[PDB]
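Enquirer: If it helps, the file is called query.txt and holds compact mmCIF, N, CA and C atoms:
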```txt
# COMPACT_ATOMS: atom_id res chain seq x y z
N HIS A 2 0.80 -1.21 0.00
CA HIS A 2 0.00 0.00 0.00
C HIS A 2 0.84 1.28 0.00
N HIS A 3 2.15 1.13 0.00
CA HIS A 3 2.98 2.30 -0.07
C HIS A 3 2.76 3.25 1.08
N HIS A 4 2.30 2.69 2.18
CA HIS A 4 2.14 3.48 3.35
C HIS A 4 1.20 4.63 3.17
N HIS A 5 0.13 4.40 2.43
CA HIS A 5 -0.87 5.41 2.20
C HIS A 5 -2.22 4.78 2.32
N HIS A 6 -3.24 5.61 2.56
CA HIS A 6 -4.59 5.10 2.65
C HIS A 6 -4.97 4.46 1.33
N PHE A 7 -6.09 3.77 1.35
CA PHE A 7 -6.50 3.06 0.20
C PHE A 7 -7.93 3.29 -0.24
N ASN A 8 -8.39 4.52 -0.12
CA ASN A 8 -9.72 4.87 -0.59
C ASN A 8 -9.59 5.22 -2.06
N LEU A 9 -10.28 4.46 -2.90
CA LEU A 9 -10.23 4.66 -4.33
C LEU A 9 -11.49 5.31 -4.89
N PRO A 10 -11.29 6.03 -5.98
CA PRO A 10 -12.34 6.68 -6.72
C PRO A 10 -13.17 5.59 -7.36
N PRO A 11 -14.42 5.90 -7.58
CA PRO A 11 -15.40 4.97 -8.09
C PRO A 11 -15.40 4.79 -9.58
N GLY A 12 -14.63 5.60 -10.26
CA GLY A 12 -14.61 5.56 -11.71
C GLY A 12 -13.88 4.36 -12.29
N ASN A 13 -13.75 4.41 -13.61
CA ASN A 13 -13.07 3.39 -14.39
C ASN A 13 -12.26 4.03 -15.50
N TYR A 14 -11.51 3.21 -16.19
CA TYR A 14 -10.65 3.68 -17.23
C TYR A 14 -11.17 3.36 -18.63
N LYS A 15 -12.47 3.07 -18.75
CA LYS A 15 -13.04 2.71 -20.05
C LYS A 15 -12.80 3.75 -21.12
N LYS A 16 -13.11 4.99 -20.79
CA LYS A 16 -12.94 6.08 -21.71
C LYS A 16 -11.97 7.12 -21.17
N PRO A 17 -11.49 7.95 -22.08
CA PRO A 17 -10.56 9.03 -21.81
C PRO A 17 -11.22 10.10 -21.00
N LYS A 18 -10.43 10.99 -20.44
CA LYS A 18 -11.02 12.02 -19.62
C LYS A 18 -10.27 13.30 -19.65
N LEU A 19 -10.93 14.27 -19.08
CA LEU A 19 -10.37 15.53 -18.85
C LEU A 19 -10.09 15.56 -17.38
N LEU A 20 -8.97 16.13 -17.02
CA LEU A 20 -8.63 16.22 -15.63
C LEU A 20 -8.78 17.65 -15.15
N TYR A 21 -9.96 17.94 -14.59
CA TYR A 21 -10.34 19.27 -14.11
C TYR A 21 -9.81 19.60 -12.73
N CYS A 22 -9.08 20.72 -12.64
CA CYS A 22 -8.54 21.16 -11.37
C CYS A 22 -9.41 22.16 -10.68
N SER A 23 -9.86 21.72 -9.54
CA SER A 23 -10.71 22.47 -8.70
C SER A 23 -10.15 23.86 -8.35
N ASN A 24 -8.84 23.92 -8.11
CA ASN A 24 -8.19 25.16 -7.72
C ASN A 24 -8.52 26.36 -8.60
N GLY A 25 -8.17 26.32 -9.88
CA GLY A 25 -8.43 27.46 -10.75
C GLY A 25 -9.44 27.19 -11.86
N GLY A 26 -9.96 25.97 -11.92
CA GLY A 26 -10.88 25.63 -12.97
C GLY A 26 -10.11 25.34 -14.26
N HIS A 27 -8.91 24.81 -14.09
CA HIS A 27 -8.07 24.48 -15.20
C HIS A 27 -8.09 23.00 -15.52
N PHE A 28 -7.95 22.69 -16.81
CA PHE A 28 -7.83 21.32 -17.27
C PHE A 28 -6.34 21.03 -17.41
N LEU A 29 -5.90 19.88 -16.92
CA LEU A 29 -4.51 19.48 -17.03
C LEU A 29 -4.14 19.38 -18.51
N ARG A 30 -2.94 19.82 -18.87
CA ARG A 30 -2.56 19.78 -20.26
C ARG A 30 -1.10 19.46 -20.48
N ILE A 31 -0.82 18.68 -21.53
CA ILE A 31 0.56 18.38 -21.89
C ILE A 31 0.81 18.82 -23.32
N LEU A 32 1.62 19.86 -23.53
CA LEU A 32 1.91 20.30 -24.89
C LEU A 32 2.90 19.36 -25.57
N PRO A 33 2.90 19.35 -26.88
CA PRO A 33 3.79 18.46 -27.60
C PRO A 33 5.26 18.53 -27.20
N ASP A 34 5.73 19.68 -26.76
CA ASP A 34 7.13 19.78 -26.38
C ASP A 34 7.43 19.11 -25.05
N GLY A 35 6.40 18.66 -24.37
CA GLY A 35 6.58 18.02 -23.09
C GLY A 35 6.19 18.93 -21.94
N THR A 36 5.74 20.14 -22.27
CA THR A 36 5.34 21.09 -21.25
C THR A 36 4.01 20.75 -20.61
N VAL A 37 3.99 20.81 -19.27
CA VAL A 37 2.78 20.56 -18.50
C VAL A 37 2.25 21.81 -17.81
N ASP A 38 0.96 22.05 -17.96
CA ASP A 38 0.30 23.20 -17.36
C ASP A 38 -1.20 22.97 -17.30
N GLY A 39 -1.96 24.05 -17.19
CA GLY A 39 -3.40 23.98 -17.15
C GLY A 39 -4.04 25.09 -17.97
N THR A 40 -5.14 24.76 -18.64
CA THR A 40 -5.85 25.74 -19.45
C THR A 40 -7.35 25.67 -19.21
N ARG A 41 -7.98 26.83 -19.20
CA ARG A 41 -9.41 26.90 -19.02
C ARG A 41 -10.12 26.65 -20.35
N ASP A 42 -9.33 26.50 -21.41
CA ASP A 42 -9.88 26.30 -22.75
C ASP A 42 -10.33 24.87 -23.03
N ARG A 43 -11.65 24.63 -22.98
CA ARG A 43 -12.21 23.29 -23.21
C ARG A 43 -12.05 22.78 -24.63
N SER A 44 -11.74 23.68 -25.53
CA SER A 44 -11.58 23.28 -26.90
C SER A 44 -10.15 22.90 -27.22
N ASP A 45 -9.30 22.93 -26.20
CA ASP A 45 -7.90 22.55 -26.36
C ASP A 45 -7.79 21.05 -26.73
N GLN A 46 -6.80 20.73 -27.54
CA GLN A 46 -6.57 19.40 -28.10
C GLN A 46 -5.54 18.56 -27.34
N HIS A 47 -5.02 19.11 -26.27
CA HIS A 47 -4.02 18.40 -25.50
C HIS A 47 -4.45 18.25 -24.05
N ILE A 48 -5.75 18.20 -23.84
CA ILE A 48 -6.29 18.08 -22.51
C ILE A 48 -6.99 16.75 -22.27
N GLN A 49 -6.93 15.88 -23.28
CA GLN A 49 -7.56 14.58 -23.19
C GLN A 49 -6.57 13.51 -22.75
N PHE A 50 -6.93 12.74 -21.73
CA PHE A 50 -6.05 11.69 -21.24
C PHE A 50 -6.70 10.35 -21.15
N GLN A 51 -5.87 9.34 -21.31
CA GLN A 51 -6.27 7.98 -21.15
C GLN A 51 -5.57 7.42 -19.94
N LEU A 52 -6.33 7.04 -18.96
CA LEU A 52 -5.73 6.49 -17.79
C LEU A 52 -5.76 5.01 -17.90
N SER A 53 -4.78 4.39 -17.31
CA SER A 53 -4.72 2.97 -17.30
C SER A 53 -4.18 2.55 -15.97
N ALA A 54 -4.58 1.38 -15.54
CA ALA A 54 -4.13 0.92 -14.27
C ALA A 54 -3.10 -0.16 -14.39
N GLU A 55 -1.94 0.16 -13.86
CA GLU A 55 -0.82 -0.74 -13.83
C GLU A 55 -1.08 -1.84 -12.81
N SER A 56 -1.55 -1.40 -11.64
CA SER A 56 -1.92 -2.24 -10.50
C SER A 56 -3.09 -1.56 -9.82
N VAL A 57 -3.80 -2.23 -8.91
CA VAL A 57 -4.91 -1.55 -8.28
C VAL A 57 -4.45 -0.29 -7.57
N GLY A 58 -4.96 0.85 -8.03
CA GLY A 58 -4.64 2.13 -7.44
C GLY A 58 -3.44 2.86 -8.07
N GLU A 59 -2.70 2.18 -8.97
CA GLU A 59 -1.55 2.80 -9.65
C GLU A 59 -1.86 3.04 -11.09
N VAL A 60 -1.75 4.28 -11.52
CA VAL A 60 -2.08 4.54 -12.90
C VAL A 60 -1.03 5.24 -13.71
N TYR A 61 -1.30 5.23 -15.00
CA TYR A 61 -0.55 5.93 -16.01
C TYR A 61 -1.54 6.96 -16.58
N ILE A 62 -1.07 8.18 -16.81
CA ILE A 62 -1.87 9.24 -17.40
C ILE A 62 -1.25 9.59 -18.73
N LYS A 63 -1.81 9.02 -19.78
CA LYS A 63 -1.29 9.20 -21.12
C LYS A 63 -2.13 10.14 -21.95
N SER A 64 -1.46 11.04 -22.60
CA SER A 64 -2.10 12.00 -23.45
C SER A 64 -2.52 11.34 -24.76
N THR A 65 -3.84 11.33 -25.05
CA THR A 65 -4.34 10.69 -26.26
C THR A 65 -3.85 11.35 -27.54
N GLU A 66 -3.61 12.64 -27.45
CA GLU A 66 -3.17 13.41 -28.58
C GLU A 66 -1.71 13.25 -28.95
N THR A 67 -0.84 13.27 -27.97
CA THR A 67 0.58 13.20 -28.25
C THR A 67 1.20 11.89 -27.84
N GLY A 68 0.43 11.11 -27.08
CA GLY A 68 0.89 9.83 -26.60
C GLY A 68 1.88 9.96 -25.43
N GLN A 69 2.10 11.19 -24.94
CA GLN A 69 3.03 11.43 -23.81
C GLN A 69 2.45 11.00 -22.46
N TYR A 70 3.33 10.48 -21.57
CA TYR A 70 2.94 10.06 -20.22
C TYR A 70 3.23 11.14 -19.21
N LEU A 71 2.24 11.47 -18.39
CA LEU A 71 2.46 12.43 -17.34
C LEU A 71 3.53 11.85 -16.42
N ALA A 72 4.51 12.64 -16.03
CA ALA A 72 5.57 12.13 -15.18
C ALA A 72 6.13 13.20 -14.26
N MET A 73 6.80 12.77 -13.18
CA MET A 73 7.42 13.69 -12.21
C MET A 73 8.88 13.32 -11.94
N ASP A 74 9.79 14.27 -12.22
CA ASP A 74 11.22 14.07 -12.10
C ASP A 74 11.77 14.05 -10.69
N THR A 75 13.07 13.79 -10.62
CA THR A 75 13.78 13.69 -9.37
C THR A 75 13.70 14.96 -8.53
N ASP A 76 13.50 16.09 -9.18
CA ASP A 76 13.41 17.33 -8.43
C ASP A 76 11.98 17.82 -8.25
N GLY A 77 11.02 16.95 -8.55
CA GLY A 77 9.61 17.29 -8.38
C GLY A 77 8.97 17.98 -9.58
N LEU A 78 9.69 18.07 -10.70
CA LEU A 78 9.12 18.70 -11.87
C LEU A 78 8.31 17.72 -12.72
N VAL A 79 7.07 18.12 -13.01
CA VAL A 79 6.16 17.33 -13.81
C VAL A 79 6.44 17.60 -15.26
N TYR A 80 6.55 16.55 -16.02
CA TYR A 80 6.88 16.69 -17.41
C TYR A 80 6.22 15.61 -18.22
N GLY A 81 6.29 15.74 -19.54
CA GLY A 81 5.70 14.74 -20.42
C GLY A 81 6.76 13.76 -20.90
N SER A 82 6.56 12.47 -20.62
CA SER A 82 7.52 11.44 -21.02
C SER A 82 7.12 10.72 -22.29
N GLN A 83 8.11 10.43 -23.14
CA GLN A 83 7.86 9.72 -24.39
C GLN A 83 7.54 8.27 -24.11
N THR A 84 8.26 7.69 -23.17
CA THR A 84 8.02 6.32 -22.80
C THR A 84 7.58 6.23 -21.36
N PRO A 85 6.92 5.15 -21.04
CA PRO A 85 6.44 4.91 -19.71
C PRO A 85 7.59 4.47 -18.86
N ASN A 86 7.67 5.03 -17.69
CA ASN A 86 8.73 4.68 -16.82
C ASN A 86 8.31 4.82 -15.37
N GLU A 87 9.20 4.52 -14.43
CA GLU A 87 8.85 4.58 -13.01
C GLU A 87 8.37 5.94 -12.51
N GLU A 88 8.77 6.99 -13.21
CA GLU A 88 8.37 8.34 -12.85
C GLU A 88 7.00 8.70 -13.38
N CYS A 89 6.40 7.75 -14.10
CA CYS A 89 5.10 7.96 -14.71
C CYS A 89 3.97 7.36 -13.91
N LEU A 90 4.31 6.62 -12.88
CA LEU A 90 3.31 5.98 -12.08
C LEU A 90 2.78 6.87 -10.94
N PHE A 91 1.45 6.96 -10.81
CA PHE A 91 0.82 7.73 -9.73
C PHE A 91 -0.17 6.89 -8.96
N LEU A 92 -0.23 7.15 -7.66
CA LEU A 92 -1.18 6.50 -6.80
C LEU A 92 -2.46 7.33 -6.82
N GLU A 93 -3.47 6.82 -7.53
CA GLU A 93 -4.74 7.49 -7.69
C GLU A 93 -5.66 7.19 -6.53
N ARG A 94 -6.02 8.22 -5.77
CA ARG A 94 -6.87 8.03 -4.61
C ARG A 94 -8.02 9.02 -4.52
N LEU A 95 -9.00 8.65 -3.71
CA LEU A 95 -10.14 9.49 -3.43
C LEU A 95 -9.72 10.51 -2.39
N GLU A 96 -10.29 11.70 -2.47
CA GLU A 96 -9.99 12.74 -1.51
C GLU A 96 -11.24 13.52 -1.16
N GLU A 97 -11.41 13.77 0.13
CA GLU A 97 -12.57 14.49 0.61
C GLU A 97 -13.87 13.82 0.18
N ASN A 98 -13.82 12.48 0.11
CA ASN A 98 -14.93 11.64 -0.31
C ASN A 98 -15.53 12.13 -1.61
N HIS A 99 -14.68 12.66 -2.52
CA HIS A 99 -15.21 13.22 -3.75
C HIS A 99 -14.21 13.33 -4.90
N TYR A 100 -13.07 13.97 -4.65
CA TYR A 100 -12.06 14.20 -5.67
C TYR A 100 -11.06 13.08 -5.81
N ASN A 101 -10.28 13.17 -6.89
CA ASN A 101 -9.19 12.28 -7.19
C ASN A 101 -7.91 13.03 -6.95
N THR A 102 -6.91 12.36 -6.37
CA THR A 102 -5.57 12.93 -6.17
C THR A 102 -4.58 11.94 -6.75
N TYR A 103 -3.43 12.46 -7.19
CA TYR A 103 -2.38 11.66 -7.77
C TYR A 103 -1.07 11.94 -7.10
N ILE A 104 -0.59 10.95 -6.36
CA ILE A 104 0.67 11.02 -5.64
C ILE A 104 1.74 10.32 -6.45
N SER A 105 2.89 10.95 -6.66
CA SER A 105 3.96 10.29 -7.40
C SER A 105 4.38 9.00 -6.68
N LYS A 106 4.30 7.85 -7.37
CA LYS A 106 4.67 6.58 -6.72
C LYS A 106 6.13 6.59 -6.25
N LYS A 107 6.98 7.03 -7.14
CA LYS A 107 8.39 7.12 -6.88
C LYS A 107 8.71 7.94 -5.64
N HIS A 108 7.94 9.02 -5.44
CA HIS A 108 8.16 9.93 -4.32
C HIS A 108 7.05 9.94 -3.34
N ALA A 109 6.32 8.85 -3.29
CA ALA A 109 5.19 8.76 -2.42
C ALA A 109 5.53 9.00 -0.96
N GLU A 110 6.71 8.59 -0.57
CA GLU A 110 7.08 8.76 0.81
C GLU A 110 7.08 10.23 1.22
N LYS A 111 7.27 11.13 0.25
CA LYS A 111 7.29 12.57 0.54
C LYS A 111 5.98 13.27 0.24
N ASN A 112 4.97 12.49 -0.14
CA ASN A 112 3.68 13.06 -0.46
C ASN A 112 3.75 14.09 -1.56
N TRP A 113 4.43 13.76 -2.65
CA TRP A 113 4.51 14.66 -3.78
C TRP A 113 3.32 14.39 -4.70
N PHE A 114 2.48 15.40 -4.89
CA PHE A 114 1.30 15.25 -5.73
C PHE A 114 1.38 16.03 -7.01
N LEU A 115 0.40 15.73 -7.84
CA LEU A 115 0.17 16.47 -9.04
C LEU A 115 -0.73 17.63 -8.61
N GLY A 116 -0.41 18.85 -9.05
CA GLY A 116 -1.23 19.99 -8.67
C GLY A 116 -1.06 21.20 -9.57
N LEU A 117 -2.14 21.97 -9.68
CA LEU A 117 -2.18 23.17 -10.50
C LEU A 117 -2.49 24.42 -9.69
N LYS A 118 -1.69 25.46 -9.88
CA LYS A 118 -1.96 26.70 -9.19
C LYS A 118 -3.13 27.41 -9.84
N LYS A 119 -3.68 28.36 -9.11
CA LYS A 119 -4.78 29.16 -9.58
C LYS A 119 -4.46 29.81 -10.94
N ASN A 120 -3.17 30.05 -11.19
CA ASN A 120 -2.71 30.68 -12.44
C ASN A 120 -2.45 29.70 -13.56
N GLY A 121 -2.84 28.46 -13.35
CA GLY A 121 -2.68 27.45 -14.37
C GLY A 121 -1.29 26.85 -14.47
N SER A 122 -0.39 27.24 -13.58
CA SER A 122 0.94 26.67 -13.63
C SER A 122 1.05 25.44 -12.73
N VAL A 123 1.80 24.42 -13.18
CA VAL A 123 1.96 23.19 -12.41
C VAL A 123 2.91 23.38 -11.23
N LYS A 124 2.63 22.65 -10.15
CA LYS A 124 3.42 22.75 -8.94
C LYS A 124 4.57 21.76 -8.85
N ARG A 125 5.64 22.18 -8.18
CA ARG A 125 6.76 21.30 -7.93
C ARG A 125 6.39 20.38 -6.77
N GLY A 126 6.76 19.11 -6.88
CA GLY A 126 6.46 18.07 -5.89
C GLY A 126 6.45 18.52 -4.43
N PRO A 127 7.56 19.07 -3.96
CA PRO A 127 7.64 19.51 -2.58
C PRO A 127 6.69 20.66 -2.22
N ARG A 128 6.18 21.39 -3.22
CA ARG A 128 5.26 22.50 -2.96
C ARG A 128 3.81 22.03 -2.71
N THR A 129 3.55 20.77 -2.94
CA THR A 129 2.20 20.27 -2.76
C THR A 129 2.03 19.60 -1.42
N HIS A 130 0.78 19.49 -0.98
CA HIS A 130 0.49 18.82 0.28
C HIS A 130 -1.01 18.60 0.53
N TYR A 131 -1.31 17.62 1.38
CA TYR A 131 -2.69 17.31 1.74
C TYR A 131 -3.36 18.55 2.28
N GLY A 132 -4.57 18.84 1.81
CA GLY A 132 -5.29 20.02 2.27
C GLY A 132 -5.32 21.17 1.26
N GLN A 133 -4.58 21.04 0.17
CA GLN A 133 -4.56 22.07 -0.85
C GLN A 133 -5.68 21.87 -1.85
N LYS A 134 -6.16 22.96 -2.44
CA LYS A 134 -7.16 22.85 -3.48
C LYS A 134 -6.47 22.45 -4.80
N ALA A 135 -5.21 22.87 -4.95
CA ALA A 135 -4.44 22.60 -6.17
C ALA A 135 -4.34 21.13 -6.55
N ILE A 136 -4.46 20.25 -5.56
CA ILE A 136 -4.32 18.81 -5.78
C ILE A 136 -5.61 18.06 -6.08
N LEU A 137 -6.74 18.73 -5.96
CA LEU A 137 -7.99 18.06 -6.17
C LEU A 137 -8.43 18.08 -7.60
N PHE A 138 -8.66 16.90 -8.12
CA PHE A 138 -9.07 16.76 -9.49
C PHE A 138 -10.42 16.08 -9.66
N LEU A 139 -11.05 16.42 -10.79
CA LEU A 139 -12.33 15.89 -11.21
C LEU A 139 -12.17 15.38 -12.64
N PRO A 140 -12.31 14.07 -12.85
CA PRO A 140 -12.20 13.54 -14.19
C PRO A 140 -13.52 13.66 -14.89
N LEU A 141 -13.51 14.39 -16.00
CA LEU A 141 -14.71 14.59 -16.79
C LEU A 141 -14.64 13.88 -18.12
N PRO A 142 -15.80 13.50 -18.59
CA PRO A 142 -15.92 12.89 -19.88
C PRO A 142 -15.44 13.88 -20.92
N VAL A 143 -14.91 13.37 -22.00
CA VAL A 143 -14.44 14.23 -23.06
C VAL A 143 -15.57 14.55 -24.03
```
For the file at hand, write its structure as structure tokens.

Expert:
Amino acid sequence: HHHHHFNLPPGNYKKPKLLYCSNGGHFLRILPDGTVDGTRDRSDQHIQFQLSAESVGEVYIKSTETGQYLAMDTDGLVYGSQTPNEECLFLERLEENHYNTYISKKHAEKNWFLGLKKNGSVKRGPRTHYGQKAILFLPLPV
């Protein structure tokens, strides 16, 4: 269990999704160059993701458009990976009996999450923590 709770979201990985950030109302986005951020633009073409489960509670967040994997580096920087690797795995959990959160598996011991600031910019691993709005996500149908 990676020393973390085990409350899981009720959803499934049948179809792709949009990852809506409660904090600023931004959709998670991966640009072709590998840049990760958030945009309020629903018509954007790089905001669609396909999640897959590696193991119960561990997922991959792959961009349907570019095929890039959401990933978090050794210094807590979120980036788009060409290939799937250990830095691409996230522990997908329920939060506040409602939202989804993604903790970097590799850095789970430090509670490094995926998160978006109100300004649409992505957060560095160490800057995130339980209790922030930046970490709460809502997966929406595309």

Enquirer: Please compute the CA of residue 102 (chain A)-CA of residue 9 (chain A) distance, one decimal, in Å.

Expert: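 Between CA of residue 102 (chain A) and CA of residue 9 (chain A) the gap works out to 9.7 Å.
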
Enquirer: List as a tab-separated table every residue of region 37-97 of chain A that is in contact with region 110-129 of chain A, defined as an atom at most 6.5 Å from one of its atoms (using all atoms listed in the file), together with the nearest atom pair and the distance in Å rounded to one decimal, sorted by chain and then rising number.

Expert:
```
residue	atom	partner	partner_atom	distance
A:37	C	A:123	N	5.3
A:38	CA	A:123	N	4.6
A:39	N	A:121	C	4.0
A:40	N	A:121	CA	5.6
A:76	C	A:126	N	5.5
A:77	C	A:126	N	3.7
A:78	N	A:126	N	4.9
A:79	N	A:125	CA	6.0
```

Enquirer: Just the residues within 6.5 Å of residue 8 (chain A), please, counting all atoms listed in the file, with nothing from its chain fewer than 3 positions along; format it as a VMD selection string.

Expert: chain A and resid 93 to 95

Enquirer: Excluding same-chain residues fewer than 3 positions from region 17-34 of chain A, what lies within 5 Å of it counting all atoms listed in the file, as a CSV table (one decimal) with N, CA and C atoms, in the frame of the given file?

Expert:
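File produced: selection_27.csv:
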```
chain,number,residue,atom,x,y,z
A,37,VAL,N,4.0,20.8,-19.3
A,37,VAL,CA,2.8,20.6,-18.5
A,37,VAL,C,2.2,21.8,-17.8
A,38,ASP,N,1.0,22.0,-18.0
A,38,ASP,CA,0.3,23.2,-17.4
A,38,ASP,C,-1.2,23.0,-17.3
A,39,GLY,N,-2.0,24.0,-17.2
A,39,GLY,CA,-3.4,24.0,-17.2
A,39,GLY,C,-4.0,25.1,-18.0
A,40,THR,N,-5.1,24.8,-18.6
A,40,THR,CA,-5.8,25.7,-19.4
A,40,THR,C,-7.4,25.7,-19.2
A,41,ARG,N,-8.0,26.8,-19.2
A,41,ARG,CA,-9.4,26.9,-19.0
A,41,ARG,C,-10.1,26.6,-20.4
A,47,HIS,N,-5.0,19.1,-26.3
A,47,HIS,CA,-4.0,18.4,-25.5
A,47,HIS,C,-4.4,18.2,-24.0
A,48,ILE,N,-5.8,18.2,-23.8
A,48,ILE,CA,-6.3,18.1,-22.5
A,48,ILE,C,-7.0,16.8,-22.3
A,49,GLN,N,-6.9,15.9,-23.3
A,49,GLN,CA,-7.6,14.6,-23.2
A,49,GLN,C,-6.6,13.5,-22.8
A,50,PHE,N,-6.9,12.7,-21.7
A,50,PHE,CA,-6.0,11.7,-21.2
A,50,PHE,C,-6.7,10.4,-21.2
A,51,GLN,N,-5.9,9.3,-21.3
A,51,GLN,CA,-6.3,8.0,-21.2
A,51,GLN,C,-5.6,7.4,-19.9
A,119,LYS,N,-3.7,28.4,-9.1
A,119,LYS,CA,-4.8,29.2,-9.6
A,119,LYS,C,-4.5,29.8,-10.9
A,134,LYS,N,-6.2,23.0,-2.4
A,134,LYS,CA,-7.2,22.8,-3.5
A,134,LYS,C,-6.5,22.4,-4.8
A,135,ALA,N,-5.2,22.9,-5.0
A,135,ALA,CA,-4.4,22.6,-6.2
A,135,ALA,C,-4.3,21.1,-6.6
A,137,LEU,N,-6.7,18.7,-6.0
A,137,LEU,CA,-8.0,18.1,-6.2
A,137,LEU,C,-8.4,18.1,-7.6
A,138,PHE,N,-8.7,16.9,-8.1
A,138,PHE,CA,-9.1,16.8,-9.5
A,138,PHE,C,-10.4,16.1,-9.7
A,139,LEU,N,-11.0,16.4,-10.8
A,139,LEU,CA,-12.3,15.9,-11.2
A,139,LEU,C,-12.2,15.4,-12.6
A,140,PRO,N,-12.3,14.1,-12.8
A,140,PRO,CA,-12.2,13.5,-14.2
A,140,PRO,C,-13.5,13.7,-14.9
A,141,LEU,N,-13.5,14.4,-16.0
A,141,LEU,CA,-14.7,14.6,-16.8
A,141,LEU,C,-14.6,13.9,-18.1
A,142,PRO,N,-15.8,13.5,-18.6
A,142,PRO,CA,-15.9,12.9,-19.9
A,142,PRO,C,-15.4,13.9,-20.9
A,143,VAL,N,-14.9,13.4,-22.0
A,143,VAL,CA,-14.4,14.2,-23.1
A,143,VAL,C,-15.6,14.6,-24.0
```

Enquirer: Restricting the calculation to all atoms listed in the file: of A:101, A:53, A:44, A:84, which residue gets closest to residue 13 (chain A)?

Expert: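 Distance minimum relative to residue 13 (chain A) lands on A:53.
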
Enquirer: Once 6 Å is added on each side, what are the centre and the three edge lengths, in Å to one decimal, of the axis-aligned box enclosing the listed atoms of region 114-130 of chain A? Present them as lines of an AutoDock Vina configuration file.

Expert:
```
center_x = 1.4
center_y = 23.0
center_z = -7.0
size_x = 24.4
size_y = 27.4
size_z = 27.0
```

Enquirer: Using the chain letters and numbers from this document, which residues of region 20-141 of chain A does DSSP assign to helix (DSSP H, G or I), as a ChimeraX atom specification?

Expert: /A:87-89,109-111,126-128

Enquirer: Could you write out the selected residues, including N, CA and C atoms, as a tab-separated table (two decimals), keeping the file's coordinate frame?

Expert:
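Output (selection-v4.tsv):
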```tsv
chain	number	residue	atom	x	y	z
A	87	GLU	N	9.20	4.52	-14.43
A	87	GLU	CA	8.85	4.58	-13.01
A	87	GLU	C	8.37	5.94	-12.51
A	88	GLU	N	8.77	6.99	-13.21
A	88	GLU	CA	8.37	8.34	-12.85
A	88	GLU	C	7.00	8.70	-13.38
A	89	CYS	N	6.40	7.75	-14.10
A	89	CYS	CA	5.10	7.96	-14.71
A	89	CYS	C	3.97	7.36	-13.91
A	109	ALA	N	6.32	8.85	-3.29
A	109	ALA	CA	5.19	8.76	-2.42
A	109	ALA	C	5.53	9.00	-0.96
A	110	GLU	N	6.71	8.59	-0.57
A	110	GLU	CA	7.08	8.76	0.81
A	110	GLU	C	7.08	10.23	1.22
A	111	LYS	N	7.27	11.13	0.25
A	111	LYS	CA	7.29	12.57	0.54
A	111	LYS	C	5.98	13.27	0.24
A	126	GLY	N	6.76	19.11	-6.88
A	126	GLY	CA	6.46	18.07	-5.89
A	126	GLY	C	6.45	18.52	-4.43
A	127	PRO	N	7.56	19.07	-3.96
A	127	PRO	CA	7.64	19.51	-2.58
A	127	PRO	C	6.69	20.66	-2.22
A	128	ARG	N	6.18	21.39	-3.22
A	128	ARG	CA	5.26	22.50	-2.96
A	128	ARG	C	3.81	22.03	-2.71
```

Enquirer: For each of A:45, A:105, A:56, A:36, take the minimum atom-to-atom distance to residue 73 (chain A), counting all atoms listed in the file, then give the residue where this is smallest.

Expert: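 Smallest separation from residue 73 (chain A) among the options: A:105.
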
Enquirer: Which of region 22-143 of chain A counts as strand (DSSP E) under DSSP, as a ChimeraX atom specification please?

Expert: /A:22,27-31,37-40,49-56,59-64,70-73,79-82,91-96,100-105,138-142

Enquirer: Could you tell me which of A:104, A:109, A:90, A:136 comes closest to residue 62 (chain A) if we count all atoms listed in the file?

Expert: A:90

Enquirer: Between atom N of residue 132 (chain A) and atom N of residue 66 (chain A), what is the distance, to one decimal in Å?

Expert: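 Answer for the atom N of residue 132 (chain A) to atom N of residue 66 (chain A) separation: 29.9 Å.
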
Enquirer: Work out how far apart CA of residue 83 (chain A) and CA of residue 65 (chain A) are and give it in Å to one decimal.

Expert: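 One can read the CA of residue 83 (chain A) to CA of residue 65 (chain A) distance as 12.4 Å.
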